[PDB]
Amino acid sequence: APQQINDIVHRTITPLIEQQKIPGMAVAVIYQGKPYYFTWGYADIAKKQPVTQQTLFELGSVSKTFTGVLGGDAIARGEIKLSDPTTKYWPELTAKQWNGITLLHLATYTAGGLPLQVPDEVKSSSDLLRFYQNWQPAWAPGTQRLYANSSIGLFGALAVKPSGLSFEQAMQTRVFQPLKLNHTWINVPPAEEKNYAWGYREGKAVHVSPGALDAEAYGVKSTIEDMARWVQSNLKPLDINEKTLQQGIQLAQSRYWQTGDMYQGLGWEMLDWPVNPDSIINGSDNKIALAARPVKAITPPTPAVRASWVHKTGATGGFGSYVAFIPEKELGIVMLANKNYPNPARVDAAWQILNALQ
């Protein structure tokens with residue numbers, strides 16, 4: 004642990020924890036490709052369990068990065084194409100508003116106004132069909148971006164259909180296992196419960212509740228070690244031996260749409276490096292991140308740019324996570340916390356750390 008990294012991380016994260024009253028936090032910095040780990044505070048306040056490198060945190064929407072890469076892997080396998088109509092994989096989806104809505108639109112939140120959340124009322128699979136059949140777009144496909152669990156969540160479910168695997172089985176066998184993410188889970192097994200941190204929301208210990216398309220949109224739990232390895236794999240996909248997964252990673256960092264200075268990937272979001280920190284910091288606030296914005300199609304998509312800030316924020320009711328990396332500098336960070344605290348604080352801290360190391 005070079006003193007520079009120690010000092011930079013501690014000087015930034017200590018005040019963040021104090022200001023945001025975060026109960027527990029783990030941070031990994033990837034510097035010249037190698038990970039360095041830092042932990043603070045409590046996984047479980049009541050039982051006095053500390054955060055360790057083995058603590059599992061809810062990733063919330065950082066999960067979308069795994070879904071985007073798994074979709075990418077399915078494209079690379081020749082199982083799906085992003086240009087395919089959604090109805091090719093869900094023939095029961097016969098309502099006319101779906102004409103012209105492709106898997107690309109689903110993956111990138113550009114289908115025309117699919118809502119942020121699947122309604123809590125949608126419990127059964129027939130409920131889910133009804134919901135999509137009845138949904139009315141506000142906009143033509145590929146014209147506006149509206150960040151949405153119901154959009155990429157459906158992409159993930161459809162993407163694994165030709166494999167015949169459940170979403171969880173496909174994720175395990177095709178992404179987690181080959182990458183040796185052996186402490187990353189969609190459903191935490193009983194053996195790992197001792198490591199599963201509680202999230203804290205208004206002082207109450209909470210875990211994410213089951214919901215439709217949860218696995219696909221926000222349901223991954225992982226350790227800081229596995230998340231560092233996830234960043235390493237995304238920094239350098241060519242080191243990955245499994246050909247379709249290497250390609251999948253590359254596809255997820257391709258640039259499909261532009262809004263303002265951000266580019267939409269599959270799960271990942273990207274900006275040119277060097278970035279303007281106000282732009283990524285203010286841009287991460289849900290006031291902008293969850294807003295409806297016109298998009299410019301990137302025709303054809305630009306392949307993964309190495310000089311990019313690639314990142315994703317994610318939260319559940321009790322957790323707040325952030326991952327960011329810059330391929331061309333072999334530099335990244337993962338910040339996992341068991342409080343959902345404001346995005347701009349996460350991105351500010353990440354930028355202060357990476358900027359100092361870059």
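In terms of PDB author numbering, the sequence shown is residues 4 to 361. In this text, a Cβ means the ideal position worked out from N, Cα and C, and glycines have one as well.
At a Cβ-Cβ threshold of 9 Å, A143 and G103 count as neighbours.
The criterion of a C-beta distance shorter than 9 Å is satisfied by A307 and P330. Taking 8 Å as the upper bound for CB-CB distance, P53 and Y45 are in contact here, some 6 Å apart. Shown here, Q180 sits in coil according to DSSP, grouped into three states, outside any helix or strand.
In this model, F60 and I155 are separated by some 21 Å (Cα to Cα). DSSP places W260 within a strand segment (E or B) once states are collapsed to three.
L96 places its beta carbon less than 9 Å from that of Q136. Note: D351 is not bridge-paired with any residue in the DSSP secondary-structure output.
The alpha-carbon separation between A151 and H13 amounts to approximately 34 Å. Nearest Cα to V32 within the set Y325, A300 and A114: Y325. Bounds of the alpha helix (DSSP H) holding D130 are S128 to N137. Looking at the DSSP output, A31 shares a beta bridge with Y40 and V337.
In this structure, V313 is the residue among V313, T319 and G214 with its C-alpha nearest to the C-alpha of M273. Between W101 and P88, the C-beta gap is smaller than 9 Å, which places the two residues in contact. As the crow flies, the alpha-carbon of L254 is around 42 Å from that of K51.
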